[PDB]
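In: Sequence, then the experimental structure. Questions to follow.
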Amino acid sequence: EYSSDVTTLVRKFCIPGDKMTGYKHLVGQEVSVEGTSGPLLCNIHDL
Amino acid sequence: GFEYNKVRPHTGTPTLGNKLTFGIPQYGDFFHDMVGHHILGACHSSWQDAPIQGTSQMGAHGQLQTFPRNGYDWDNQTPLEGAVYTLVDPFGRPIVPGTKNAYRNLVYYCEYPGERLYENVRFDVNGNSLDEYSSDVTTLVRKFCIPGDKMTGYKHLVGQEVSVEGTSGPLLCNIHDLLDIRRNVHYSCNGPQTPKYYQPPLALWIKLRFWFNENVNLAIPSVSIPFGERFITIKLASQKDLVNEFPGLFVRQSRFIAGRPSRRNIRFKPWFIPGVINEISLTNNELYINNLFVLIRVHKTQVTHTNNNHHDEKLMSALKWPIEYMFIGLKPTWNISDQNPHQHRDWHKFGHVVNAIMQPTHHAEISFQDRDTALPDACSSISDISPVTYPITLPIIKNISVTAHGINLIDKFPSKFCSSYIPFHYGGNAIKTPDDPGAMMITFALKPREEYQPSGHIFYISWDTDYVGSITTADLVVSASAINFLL
Amino acid sequence: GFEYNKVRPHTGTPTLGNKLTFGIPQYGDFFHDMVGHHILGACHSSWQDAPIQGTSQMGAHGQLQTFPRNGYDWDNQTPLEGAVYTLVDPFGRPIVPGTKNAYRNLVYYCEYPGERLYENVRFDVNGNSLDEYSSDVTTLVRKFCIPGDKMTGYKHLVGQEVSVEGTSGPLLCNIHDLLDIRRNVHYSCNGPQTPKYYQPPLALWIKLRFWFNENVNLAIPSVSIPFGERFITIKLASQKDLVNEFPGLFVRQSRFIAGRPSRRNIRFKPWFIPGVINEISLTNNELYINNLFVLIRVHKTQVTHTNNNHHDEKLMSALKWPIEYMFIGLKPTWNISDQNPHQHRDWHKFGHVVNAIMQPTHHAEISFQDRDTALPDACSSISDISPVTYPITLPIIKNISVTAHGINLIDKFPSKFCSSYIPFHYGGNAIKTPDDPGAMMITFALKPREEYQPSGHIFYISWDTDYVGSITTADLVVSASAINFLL
Amino acid sequence: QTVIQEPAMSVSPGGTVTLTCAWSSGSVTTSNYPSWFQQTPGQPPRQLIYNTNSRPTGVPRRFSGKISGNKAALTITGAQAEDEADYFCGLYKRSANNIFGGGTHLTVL
């Protein structure tokens, strides 16, 4: 017999980071979609 | 200390889109793994002419690029009061339209160029190709087998940009409990996929994956068969399949919407006219072979094209050996199609790709009168030149199913079950879960990589999708860790 | 349940820049691993005076910090019409220049303080130091051996800020297929490396790495040799080597560029005058020893300084034992140099570091007339106070080479081969690929960590770089998993 | 609306003197931009201080400007014998632009 707190504990400790997106997709957690903006000016400072 | 031998190509003078040949000479005892090293040359689009105002020119992928007249919309025949158009660089620098040789297109690289370069790799021993795979097997094993610790290493090898993390500075903040100085962290990219005016020469180190490249005990000897008959044939991708273009010109539209408030919306529409990319000269093409001094698991892959609606049963006869854990990816044909403007960015994605766009304006409201001061007397809506495009992979399959010869086997399992749960529970540390929901796996053994022993093995493929139709098709690619016998 | 013994320092009252001594008493049976725990005190720069306008004062690292007059450039002798200068706090609050005791500098900590604190660690048994390493070996084994799952744990132990992820809210967006509500995710940091007015007392838990801290079966007994003769000597770093200062004052330059449009560029230049950081008090200095109740792999490290051009052959004679997989990092001397303004941020980087600066302005264009309305009547270019600095680690080596006594061994391998491919293929799950391209490794065995058995072992170091010259030098640091015999 | 200066002070050589200029009504904000000018007799006036604390090139370091209370102050520390001149304060009102004072004749004894 266990509760939700045991589940979140074993998620925080036992579930590896490679399978973190899999567990987030299984339990219905949003995943950060990475997008890009475009070319920008910037600078390079060397000394 | 084992050495790496630098064997030259057999054909020589390699060219993009043409076949490349590698030979395996005799210098050590056993060869375990081999890596193709290629230094791609510089890339820069040809100089073009800034268009005269009012001229609408045919562009890329069936788009009519318009530099419309003042007072008209983006459609050159639709009036739009207050609209004034200027030609600007993607960096905001003016172009002075009509000036010859001012507009030069920025150039992409495709995402993961090292995977797309080795479009079809086969190994021959007097003909009779023992192993044969494509780029899709490589991106499948990248999504599944390559761990997250080595993700930056694989991205550096195949020439993918990595996000450099920087910081902004101290900020105000607040603390609400029922004040503190905090830095802001941003991510930026300077790599190959960044659109640049002049792409630097790039070092692709593409790993070659075969059945004997996994275990050093299963490495085939160099003395059992002659070294002359062992050949490697690679189909290099085309120049257009590796380097794409970015619009190096933006039509900047100011628009004064008269009234109270008097808004000034400034937008940017790209001017995309294709140029002539200079030919990439493959320099220092070598194969690194680990020729150290002193049953098998052959992966059987196949590619199928599908166009059925609501029921797509496909049967295969090439798979005869017992089948361990299997990866299947249903990539849309539009992903690798030439008509796709985002073909280079979305080729390695087994789901339906869409684009969510930030258009972050710089809103500012100014009042002049100092008497009325309730509704602002002016506004501003300055947008950024390049909108932010998140690529989203919507799922490609609703119910996947794999039916065996006599038993039901996999029957109408949802794609989230076979794409998220099965990588999560089966595979151990070696098999990560891919971010792409279209890529999925079907398991056949309890211990895929937990031990070196067959714990279960053995055929149709069917999905009840909602995307594939008459004009929309799909492409199934597989990678099964089958077992073979070598003597 | 095994306990951790809290042994006090042998010398007592430790001070930064001075030696720290630890003893190993007898309370359990075997000691496996030990951890140094320290509480660094609060840090705050001394109160300073806001400068009078027109005064240019000598600053840090050979920079003349100028608070110039109105109508002049940042150089106080160069006219610049329309320029008006104010003094603002880094959060935008005014300073009222000339007021005494208003400007206080914000203070950093260096990135990874726990690594730089233990600058030189040696273990002595009646003299004759068996193991001795530095901070460079610690950052090398961080970059290579520490997995990504435990990266946040190591960053919390050594006092590195971790990126807290927050969300903005619902946004408009678009969906382009050939509309939807989407949240924006940002990252921010509140940790030690965030510049703060009053840095809180910090908890350093630095792990101590020796040959007997890996396997519990290889843990040395506490009864084979007397516990009195076992001593640990650490060289703590200086206060200036751990805490840097952030400019707590910014000269804000408004500039009205008259014309049509009439731009108002507002920029910020830091006013960096070094103060007197208060002395760091080391509190609760303990060593945690796992004294539980009831052949070897000694790592041999060395540090060399190099200044040759285009060919730098260095020979060593200390390495006599057989050598397994070996991490090598060529850190520029300027990275740890006192003259580096970014010494604290870029110390743990084995490549040439540069800075990409975003200066994100808030552009807004306003029209007044309601008649002309084509070119705006005014503009604005409000920049942020603190520009965004991305640290790029450009590669430092072009062709690394390790030549053996009689054979060629490693000859002119590119740095991307030894820095990305070799961590990717060799090492397994334990050896991750570092994000630093300057750090690299040379392999000598097929199975580095896959099994506990020697599968291959054994000497020059040479790189054909393009950075090291007369005024630019370099620093080679190594970490080899050599094998020793203990009886 | 006008700006008022006192008619004269006298200062010993090597001493410190503080000339004051002020609005007839209201305060002297830093947005009024006091500007102090020195006119040796027989010579044109010279720009001493603009924007209340800044000095153009060629002005000696001994002149300092400030705003004290509700007035503007020109402080000369270690005044020499070359400072015996007419000193004018000018404030930038928004409508009337620069308005100049009557003139304070600094006497160096």
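Out: Structure received. Numbers count the residues shown, from 1 in each chain, chains lettered A, B, ... in the order given.
In: use CA for all of it now, contacts and neighbours both
Out: OK.
In: Write out the residues of chain D neighbouring chain C.
Out: D:51, D:53-55 (C-alpha under 8 Å from any C-alpha of the partner chain).
In: Out of these, which is nearest to residue C:424?
Out: Closest approach to residue C:424 among those (C-alpha to C-alpha): residue D:54, at 61.8 Å.
In: distance of the residue nearest to residue D:5 when sequence neighbours are not counted from chain A?
Out: Spatially, and ignoring its direct neighbours in sequence, residue D:5 is nearest to residue D:21 (4.7 Å; C-alpha to C-alpha, 6 or more residues apart in numbering or on different chains). As judged by C-alpha to the nearest C-alpha, to the nearest Å, residue D:21 and chain A stand 48 Å apart.
In: same question, residue D:49
Out: Residue D:49 is 37 Å from chain A, by C-alpha to the nearest C-alpha.
In: Tell me which residues touch that residue, please.
Out: D:35-37, D:55-56, D:64-65 (C-alpha atoms under 8 Å, 6 or more residues apart in numbering or on different chains).
In: buried sites along stretch D:67-80?
Out: Neighbour-count burial for stretch D:67-80 flags D:67, D:71-77, D:79-80 (criterion: 16 or more other C-alpha atoms under 10 Å in any protein chain shown).
In: coming back round to it: in terms of contact, does the residue nearest to residue D:5 touch residue D:2 like I think?
Out: No - using C-alpha atoms under 8 Å, residue D:21 makes no contact with residue D:2, being 10.7 Å away.
In: Could you check which of these two is surrounded by more residues?
Out: Counted by other C-alpha atoms under 10 Å in any protein chain shown, residue D:21 and residue D:2 do not tie: residue D:21 has more neighbours, with 27 against 15.
In: so which strand or helix has that one?
Out: Element membership for residue D:21, per DSSP states H and E: strand D:17-23.
In: just checking, what packs against that strand?
Out: strand D:3-5, strand D:71-76 (3 or more C-alpha pairs under 8 Å, 6 or more residues apart in numbering or on different chains; DSSP states H and E).
In: So which of those strands is nearest residue B:180?
Out: With C-alpha to C-alpha, the closest approach to residue B:180 among the helices and strands packed on strand D:17-23 belongs to strand D:71-76: 39.1 Å.
In: so what strands line up beside the closest one?
Out: strand D:17-23 (antiparallel), strand D:63-68 (antiparallel) (DSSP bridges).
In: Keeping just the C-alphas, turn the shortest one into CSV.
Out: It stands for strand D:63-68. Only the C-alpha atoms of strand D:63-68 are listed here, as CSV (Å, rounded to 0.1, in the frame of the first residue of the first chain):
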residue,chain,number,x,y,z
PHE,D,63,36.5,75.6,-10.3
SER,D,64,33.7,73.4,-9.0
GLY,D,65,30.0,73.6,-9.5
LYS,D,66,27.1,72.3,-7.3
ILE,D,67,23.5,72.9,-6.4
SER,D,68,23.1,73.7,-2.7
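In: which other residues reach it?
Out: Under C-alpha under 8 Å, 6+ apart, the answer for strand D:63-68 is D:28, D:30, D:48-49, D:52-54, D:72-77.
In: Nearest to residue C:472 among those residues?
Out: Looking across those and measuring by C-alpha to C-alpha, the closest to residue C:472 is residue D:54, at 41.9 Å.
In: one step back: dump the contacts of strand D:63-68 into JSON lines; add distance to residue C:11 as well.
Out: Compiled in JSON lines, the contacts of strand D:63-68 are given as follows (distance: C-alpha to C-alpha, whole Å):
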{"residue": "D:28", "distance to residue C:11": "64"}
{"residue": "D:30", "distance to residue C:11": "60"}
{"residue": "D:48", "distance to residue C:11": "64"}
{"residue": "D:49", "distance to residue C:11": "62"}
{"residue": "D:52", "distance to residue C:11": "59"}
{"residue": "D:53", "distance to residue C:11": "56"}
{"residue": "D:54", "distance to residue C:11": "57"}
{"residue": "D:72", "distance to residue C:11": "62"}
{"residue": "D:73", "distance to residue C:11": "61"}
{"residue": "D:74", "distance to residue C:11": "61"}
{"residue": "D:75", "distance to residue C:11": "59"}
{"residue": "D:76", "distance to residue C:11": "59"}
{"residue": "D:77", "distance to residue C:11": "57"}
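In: ok, those residues vs chain B, which is closest?
Out: residue D:30 (21.8 Å; C-alpha to the nearest C-alpha).
In: Now that closest one. Its backbone dihedrals?
Out: Main-chain dihedrals, residue D:30, degrees, to the nearest 10: phi -70, psi -20.
In: any idea how far chain A is from residue D:6?
Out: 54 Å.
In: How many residues are close by that residue?
Out: For residue D:6, the neighbour count with other C-alpha under 10 Å is 14.
In: do the one 5 residues further on as well
Out: For residue D:11, the neighbour count with other C-alpha under 10 Å is 20.
In: measure it to chain C for me?
Out: In terms of C-alpha to the nearest C-alpha, residue D:11 sits 25 Å off from chain C.
In: count of residues packed around the closest residue to that residue other than its chain neighbours?
Out: Leaving aside its chain neighbours, residue D:11 sits nearest to residue D:108 (5.2 Å; criterion: C-alpha to C-alpha, 6+ apart). Close neighbours of residue D:108, defined as other C-alpha under 10 Å, add up to 18.
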